[PDB]
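One structure is given below, encoded as structure tokens.
Any read-out appearing in this document is the output of simple, stated calculations on the displayed coordinates, not a laboratory observation. Every residue, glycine as well, gets a Cβ built from its backbone with ideal geometry; the counts of neighbours run over all protein chains shown.
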Protein chains: 2
Amino acid sequence: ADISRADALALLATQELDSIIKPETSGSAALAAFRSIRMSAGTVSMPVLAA
Amino acid sequence: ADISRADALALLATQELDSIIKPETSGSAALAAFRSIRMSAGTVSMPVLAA
């Protein structure tokens, strides 16, 4: 006769990970590669050299 | 050859008027003309001499 682990199972401490198992996030390849501008109007204008 | 206004059209500044064009506004002729009471009840009862 002895205190098995099952006999004391209800006394054992518990632990949950403090973080989630997930992939590291990529972000947009477009936002990573191409330079961007802050817009204030919804339809910005863009002069382009022609000649 | 020279830079025409059509060639520089994309570079031209814009201006927008600082305020909206609108007619003048006015309040009800009824509230201007007639006496009014504060109602506290949703109905007021009024006694009228009948005969």
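Here are the numbers for the structure shown:
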quantity	calculated
Charge dipole (debye, nearest 20) of the protein assembly as shown; +1 at Cβ of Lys and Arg, -1 at Cβ of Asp and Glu	640 debye
Computed [θ] at 222 nm, deg cm²/dmol, the protein assembly as shown (DSSP H ≥ 4; -39,500 (n - 2.57); rounded to nearest 500)	-2000 deg cm²/dmol
Total charge dipole magnitude, chain A, about the Cα centre, Cβ charges on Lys, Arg, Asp, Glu only, Debye to nearest 20	600 debye
HN-Hα J in Hz across the range A:8-17 - Karplus 6.51, -1.76, 1.60, θ = phi - 60°, x for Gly and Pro	10, 4, 5, 9, 6, 6, 10, 8, 10, 4
Of B:48, B:8, B:33, farthest towards positive along the dipole that unit charges on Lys, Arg, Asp, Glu beta carbons give chain B	B:48
